[PDB]
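I have placed the structure first, in the form of structure tokens, so that the comments after it can refer back to it.
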Amino acid sequence: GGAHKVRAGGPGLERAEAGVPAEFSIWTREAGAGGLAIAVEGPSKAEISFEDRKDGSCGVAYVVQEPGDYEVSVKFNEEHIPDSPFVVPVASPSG
Amino acid sequence: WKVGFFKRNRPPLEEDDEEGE
Amino acid sequence: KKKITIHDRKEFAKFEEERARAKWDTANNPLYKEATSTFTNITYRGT
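Residue numbers (the authors' numbering), protein chains in the order written: chain A, 2236 to 2330; chain B, 988 to 1008; chain C, 716 to 762.
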């Protein structure tokens, strides 16, 4: 495993928009063997989707309908990574 | 794996006595 | 550290044929506290 060597960052984990695919990235396959587990919290629905990348990274994303402050928890091998949970509010339509 | 594997199963459920130790 | 986790990849495929049927919760659950059990390298390739 290596919940420490876990990668975590993205323009969606900081915040996003209501009704707008919130993207992000969490890489940790190099850290070592281990299963991925995360808690996606939010006062609205949420459709997860794994999209590939040119570098082969792993940027997952999800859309939300409730405008306001939502939040997605984060866990590796079932281990809350430092600074958890990750607070992530939804801003208003880019405008 | 690690503590994960058994408590890893997200599905909140544990009727059998929790082994651990 | 390169298989012990994958070994748990098939335990799930069966653990479902074990209890069969299915299970889920929502509606009466305002906060969508869902999760994502992704397995190393999902169906689609990457490396």
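Beta carbons: idealized from backbone N, C-alpha and C, even for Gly.
Have a look at residue i and residue j and give me their C-alpha separation to the nearest angstrom.
{"i": "A/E2276", "j": "A/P2302", "result": "14 Å"}
{"i": "A/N2312", "j": "A/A2268", "result": "9 Å"}
{"i": "B/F992", "j": "C/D723", "result": "7 Å"}
{"i": "B/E1002", "j": "A/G2330", "result": "51 Å"}
{"i": "A/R2264", "j": "C/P745", "result": "33 Å"}
For a cutoff of 9 Å on Cβ pairs, would you count residue i as touching chain A?
{"i": "C/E749", "result": "yes"}
{"i": "B/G991", "result": "yes"}
Check the Cβ-Cβ distances between residue i and every residue of chain C, and say whether any is below 9 Å.
{"i": "A/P2278", "result": "yes"}
{"i": "A/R2250", "result": "no"}
{"i": "residue 2387 of chain A", "result": "What the structure shows of chain A is the stretch from 2236 to 2330, and residue 2387 of chain A is not part of that stretch, so it cannot be assessed."}
Does chain B have any CB closer than 9 Å to the CB of residue i?
{"i": "A/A2281", "result": "no"}
{"i": "A/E2306", "result": "no"}
When every heavy atom of the ligand GTP is checked, does at least one fall within less than 8 Å of the C-beta of residue i?
{"i": "A/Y2297", "result": "Ligands in the displayed structure: none, and consequently the ligand GTP is not present."}
Which residues in chain D sit within 7 Å of residue i, going by Cβ to Cβ distance?
{"i": "A/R2264", "result": "Among the protein chains in the structure shown, which are A, B and C, there is no chain D."}
Cβ contact (3+ pairs, closer than 8 Å) linking the stretch 2305–2319 of chain A and the stretch 999–1008 of chain B: no
contact_flag[the stretch 2247–2256 of chain A, the stretch 2294–2310 of chain A] where n(CB pairs < 8 Å) is 3 or more: With the cut-off at 8 Å, the stretch 2247–2256 of chain A and the stretch 2294–2310 of chain A touch.
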